[PDB]
Amino acid sequence: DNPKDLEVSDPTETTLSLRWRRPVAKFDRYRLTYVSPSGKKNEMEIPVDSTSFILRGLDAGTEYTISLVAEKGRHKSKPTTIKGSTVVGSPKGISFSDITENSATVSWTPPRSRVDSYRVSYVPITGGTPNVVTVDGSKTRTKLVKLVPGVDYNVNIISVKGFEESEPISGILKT
């Protein structure tokens, strides 16, 4: 009897949350293998008492073929397979420079993940509707204009690849 309903939840940049149904048959343990697009196969043995396990140490915005199997002794059951891709990576550090009464140069350090663009949003701490500016993936910085003098600005930056958009990083910008 093989593990049924293997599903992946809560995609992270480096993790995937796995959940499945336990086998009706008596068994030893589980063996989880997952290979990357390069064909790198990783194994792990999971306790008979688990129906959930957080997969970790993965790369960002990468798809994985995940397969679970119940090892009954020396007999591995029929493999249960699914695919799960990690979410695209977040930029690593937001920094501000060339501040002024009306403009600032926000810059960020690029992630180790293929990226098409970045969505830089900014709004004053007191609230309002964001002002989003898109900039090409090769670019690592941008200029903000029309900035009101003396006011703290919440500035978020998000990576985008295809339709996938990572977790944002943010910083306060003081005009």
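Residues numbered from 1 in each chain as written, not as in the entry; some residues may be left out. Heavy atoms only, no water.

- Per the deposited record, determination of this structure is attributed to X-ray crystallography, with the resolution reported as 2.55 Å.

1. Here's the deal with the overall build of the protein
Logical step 1: Looking only at helices and strands, the protein features zero helices and 15 strands.
Logical step 2: Over its C-alpha trace the protein gives a radius of gyration of 22 Å, far above what one expects of a compact globule, namely 16 Å for 175 residues.
Logical step 3: In terms of overall dimensions, the protein has C-alpha extents of about 70 × 35 × 20 Å along its principal axes.
Logical step 4: When contacts within the protein are restricted to residue pairs at least 6 apart in sequence, long-range pairs at least 24 apart make up 59% of them.
Logical step 5: Counting every atom, the protein has about 10300 Å² of accessible surface; 48% of that belongs to carbon and sulfur.
Logical step 6: Here the protein holds 25 positive side-chain charges and 20 negative ones, and the gap between their average locations is 5 Å. (Helix = DSSP H or I, 4+ residues; strand = E, 2+ residues; numbered from the N terminus. Rg over C-alpha atoms; globule rule 2.2 N^0.38 Å. Contact = heavy atoms within 4.5 Å. Areas by Shrake-Rupley, 256 points an atom, 1.4 Å probe, with all protein chains shown as cover. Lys, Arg positive; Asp, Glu negative; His and termini not counted. Charge placed at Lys NZ, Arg CZ, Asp CG, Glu CD.)

2. Concerning the nonpolar core
Logical step 1: Residues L18, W20, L32, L55 and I66 are the most contacted members of the largest nonpolar core, which totals 17 residues.
Logical step 2: Contributing elements (two or more residues each) for this core: strand 2 (15-21), strand 3 (29-35), strand 5 (52-56) and strand 6 (63-71).
Logical step 3: A per-element tally of this core places strand 6 first, with four residues.
Logical step 4: Beyond its immediate sequence surroundings of up to four residues, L32 is in contact with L18, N42, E43, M44, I46, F53, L55, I66, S67 and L68.
Logical step 5: The next biggest cluster of nonpolar side chains, apart from the first, holds 15 residues, and it includes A104, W108, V155 and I169. (Core = buried A, V, L, I, M, F, W, Y, C linked by side-chain atoms within 4.5 Å. Buried < 20%, exposed > 50% of the residue type's maximum accessible area, 1.4 Å probe, protein only.)

3. Considerations on the sheet that holds strand 4 (residues 41-46)
Logical step 1: What the four strands build is an open sheet, ordered 4-3-6-7; its pairing is antiparallel. Looking along the sheet, the strands with just one partner apiece sit at the ends: strand 4 and strand 7 (80-85). Direction aside, the axes of adjacent strands within the sheet are offset by 20° on average.
Logical step 2: Relative to strand 7, strand 6 runs antiparallel, the two sharing six bridges. Within strand 7, the position partnered with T65 by the bridge is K83. (Pairing = 2+ DSSP bridges. Axes fitted to C-alpha atoms, helices over the stretch in contact; angles between N-to-C directions.)

4. Observations regarding the side chain of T62
Logical step 1: Looking at where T62 falls in the secondary structure, it is placed in the loop between strand 5 and strand 6.
Logical step 2: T62 sits in the buried class, given a relative accessible area of 15%.
Logical step 3: Excluding its chain neighbours within four sequence positions, the residues that come into contact with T62 are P37, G84, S85 and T86.

5. A look at the pairing of strand 4
Logical step 1: Bridge analysis of strand 3 against strand 4 gives six bridges, and the strand direction is antiparallel. Paired with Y30 across the strands is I46, a residue of strand 4.
Logical step 2: Linkage of strand 3 to strand 4, two consecutive antiparallel strands, is achieved through a turn of five residues, within which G39 is found at a positive phi near 85°.

6. What about the domain arrangement of the protein?
Logical step 1: Partitioning the protein into structural domains gives domain 1 (1-87) and domain 2 (88-175).
Logical step 2: When each unit is reduced to the centre of its C-alpha atoms, the spacing between domain 1 and domain 2 is 37 Å.
Logical step 3: In this complex, domain 1 contributes five residues to the contact, which on the side of domain 2 involves seven residues.
Logical step 4: The junction of domain 1 with domain 2 conceals about 370 Å² of combined surface from both sides, 48% of it contributed by carbon and sulfur atoms.
Logical step 5: For domain 1, the biggest contributors to the area lost against domain 2 are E13, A60 and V87; these three give 93% of the whole. (Domains from an automatic or database assignment. Buried area = accessible area lost by both parts, 1.4 Å probe.)

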